[PDB]
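**Q**
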Amino acid sequence: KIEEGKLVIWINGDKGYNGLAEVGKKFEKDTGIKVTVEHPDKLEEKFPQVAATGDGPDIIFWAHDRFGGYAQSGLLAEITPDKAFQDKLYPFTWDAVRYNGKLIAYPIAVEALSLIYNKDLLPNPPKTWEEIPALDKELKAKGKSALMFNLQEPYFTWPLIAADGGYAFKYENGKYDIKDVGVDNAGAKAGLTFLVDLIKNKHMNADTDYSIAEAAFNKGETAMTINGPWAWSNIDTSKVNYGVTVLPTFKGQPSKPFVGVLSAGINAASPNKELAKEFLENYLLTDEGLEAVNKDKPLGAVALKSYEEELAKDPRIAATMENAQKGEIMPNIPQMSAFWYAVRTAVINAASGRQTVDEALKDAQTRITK
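Residue numbering for the sequence shown follows the entry's author numbering, starting at 1 and increasing by one per position.
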């Protein structure tokens, strides 16, 4: 039997914890149910080490990515007790937290934007992808390269060309198919031939992969770097970053990786999970509570439609929200293997000049429909 009458809140660190504290001050003053609030920087390993004994926090806040294993381990409790709370949110944001049949977490915020930089807190982000090769030679003229990455794989090169118009699979406002593959589309080749244009002249590092890029960033040489998707079956080197940064795009067109939104889950070890669910839908999710956390730090768009319109009163929010609306969610289909295996060969074919971009694309799209 667990300790009844209490709740604990752990956050990522560097977040607007001071604004969130007040929400818990109000609720605990009205209900008496304890509310602790902490701003740790190692909770990602502590949460699964304490909650495993039923002694960890009662609530957790992280992107769905890190939740890909916590629910399987039994740490995340079943959420969505009824259907009313679902209508309070947009449908896409629910898909962004799904599991096989059952549910494991719920959407909180909608800010899909981050970018990594050198060990020096000098804010000088790139203006566009076409400036990278232009700045690379200028920094090399006084030291080393500007930006480096795993150009050798499709996972990181997908968000490049998708800006011109390429897309993996179509996903309407709740209807999905795998038949509509935007691989063999002019936009894919358009952005892809830019990469190859540099390699053509050998001015660009055509031999840089994950290993080369990762290492150089660890050394502190690369003035900037990119991270995010998981190509390999495991990661051996993990980077970290405080706050937010802008993200460069293509010539007159924004980029679109995946719809990465903020989520929350209830700990399954608590005695009465209702205490947590109630606090969330009584004081956190209010025009006063959400405002308090947003006052302490900018949180951008929200999953809660009722307050979405309020934050949407400013363009910084609205535009960032539209980027998630027009975006796609990473699927859970087996077809991804065929897709990854196919596109990999098409990029190598263009990079090696073994085949025309146009034809390698045609071939590749066929490998996904055959």
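Think of the CB as a built atom: it goes at the ideal place given N, C-alpha and C, for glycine as much as any other residue.
Considering only the alpha carbon of each residue, which of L43, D120 and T80 lies closest to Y70?
**A** Checking every option, the nearest Cα to that of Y70 belongs to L43.
**Q** Using the three-state DSSP reduction, which class does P315 fall into: helix, strand or coil?
**A** Three-state DSSP puts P315 in a helix.
**Q** Considering Cα atoms alone, identify which of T320, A319 and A301 is closest to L311.
**A** Among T320, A319 and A301, the Cα nearest to that of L311 is on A301.
**Q** Please classify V246: is it buried, with 16 or more other beta-carbons within 10 angstroms of its beta-carbon, or exposed?
**A** With fewer than 16 other Cβ atoms within 10 Å, it is exposed.
**Q** Count the C-beta pairs between the segment 124 to 140 and the segment 285 to 301 that are closer than 8 Å, then say yes if the count reaches three, no if not.
**A** In short, these stretches do not touch, since the Cβ pair count stays below three.
**Q** Thinking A105 and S263 are a contact (beta carbons under 8 Å), I'd like their distance in whole angstroms, please.
**A** Right, the Cβ-Cβ distance comes to about 4 Å (below 8 Å), so this counts as a contact.
**Q** I need the boundaries of the alpha helix (DSSP H) containing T36, first residue and last residue.
**A** Premise fails: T36 lies in the beta strand (DSSP E), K34 to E38, not in any alpha helix (DSSP H).
**Q** Would you check if there are 3 or more beta carbon pairs closer than 8 Å linking the segment 187 to 197 to the segment 165 to 176?
**A** Yes, the segment 187 to 197 is in contact with the segment 165 to 176.
**Q** Which same chain residues end up closer than 8 Å to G32 when comparing Cβ atoms and leaving out the 5 residues on each side of it in sequence?
**A** Cβ within range, chain order: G5.
**Q** How many Å lie between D82 and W94 at the Cα?
**A** Going by the C-alpha atoms only, they are around 14 Å apart.
**Q** Given a cut-off of 8 Å on the beta-carbon distance, is the pair residue 428 and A186 in contact?
**A** Past the edges of the chain, shown from 1 to 370, lies residue 428, and the structure says nothing about it.
**Q** Short check: CB of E281 to CB of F61, under 8 Å?
**A** For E281 and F61, no; Cβs fall outside 8 Å.
**Q** Which same chain residues end up closer than 6 Å to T225 when comparing Cβ atoms and leaving out the 5 residues on each side of it in sequence?
**A** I116 and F217.
**Q** To the nearest angstrom, how far is the alpha carbon of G56 from that of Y155?
**A** Rounded to whole angstroms, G56 to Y155 spans 35 Å at the Cα level.
**Q** For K119, which three-state DSSP category applies?
**A** Three-state DSSP puts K119 in coil, outside helix and strand.
**Q** Among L7, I317 and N241, which has the Cα closest to the Cα of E278?
**A** The option with the nearest alpha carbon to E278 is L7.
**Q** So, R344 versus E153, is the Cβ gap smaller than 8 Å?
**A** Yes, these two residues count as a Cβ contact at 8 Å.
**Q** Give me the residue from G182, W129 and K34 with the minimum Cα distance to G252.
**A** For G252, the nearest C-alpha among the options comes from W129.
**Q** Please list the terminal residues of the continuous alpha helix (DSSP H) segment that includes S337.
**A** Where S337 is concerned, the enclosing alpha helix (DSSP H) stretches over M336 to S352.
**Q** Use the C-beta contact count for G265: other C-beta atoms within 10 angstroms, 16 or more gives buried, fewer gives exposed.
**A** Result: buried.
**Q** Just how far apart, CA to CA, sit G74 and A268?
**A** Each residue's Cα considered, the two are about 7 Å apart.
**Q** Please classify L195: does DSSP put it in a helix, a strand, or coil?
**A** Three-state result, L195: helix.
**Q** In whole angstroms, give me the CA-to-CA distance for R316 and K297.
**A** Each residue's Cα considered, the two are about 14 Å apart.
**Q** Just to confirm my understanding: we take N349, look at its own chain, exclude 5 residues before and 5 after, and list those with CB closer than 7 Å. What are they?
**A** If we look at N349 and ignore the five residues flanking it on each side, its Cβ neighbours are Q355 and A360.
**Q** Taking the Cβ atom as the reference point for each residue, do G19 and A351 lie within a distance shorter than 8 Å?
**A** No, these two residues do not count as a Cβ contact at 8 Å.
**Q** At the level of alpha carbons, what is the spacing between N12 and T53?
**A** If I take the Cα positions, the gap works out to 21 Å.
**Q** So, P257 versus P159, is the Cβ gap smaller than 8 Å?
**A** Yes, they are a contact pair.
**Q** Tell me which residue opens and which closes the alpha helix (DSSP H) that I132 is part of.
**A** Residues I132 to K140.
**Q** Could you give the distance in angstroms between the alpha-carbon of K179 and the alpha-carbon of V357?
**A** So the alpha carbons of these two residues sit roughly 21 Å apart.
**Q** Would you check if the distance between the CB atom of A346 and the CB atom of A318 is smaller than 8 Å?
**A** The answer is no: Cβ separation not under 8 Å.
**Q** For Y341, does the count of other Cβ atoms within 10 angstroms reach 16, so buried, or fall short, so exposed?
**A** Exposed: under 16 other Cβ atoms inside 10 Å.
**Q** Do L113 and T249 have their C-beta atoms within less than 8 Å of each other?
**A** No, Cβ-Cβ distance for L113 and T249 is not below 8 Å.
**Q** Among the residues of its own chain, which have a CB less than 6 Å from the CB of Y283, if the five just before and after it don't count?
**A** Taken in chain order, the residues that qualify are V23, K26, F27 and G289.
**Q** When you compare only the Cα positions, how much space is there between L275 and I9?
**A** Spanning the two alpha carbons is a distance of roughly 13 Å.
**Q** Could you give the uninterrupted runs of the beta strand (DSSP E) lying entirely in the segment 25 to 106, keeping only those of 3 residues or more?
**A** Whole beta strand (DSSP E) segments, 3+ residues: 34 to 38 and 59 to 63.
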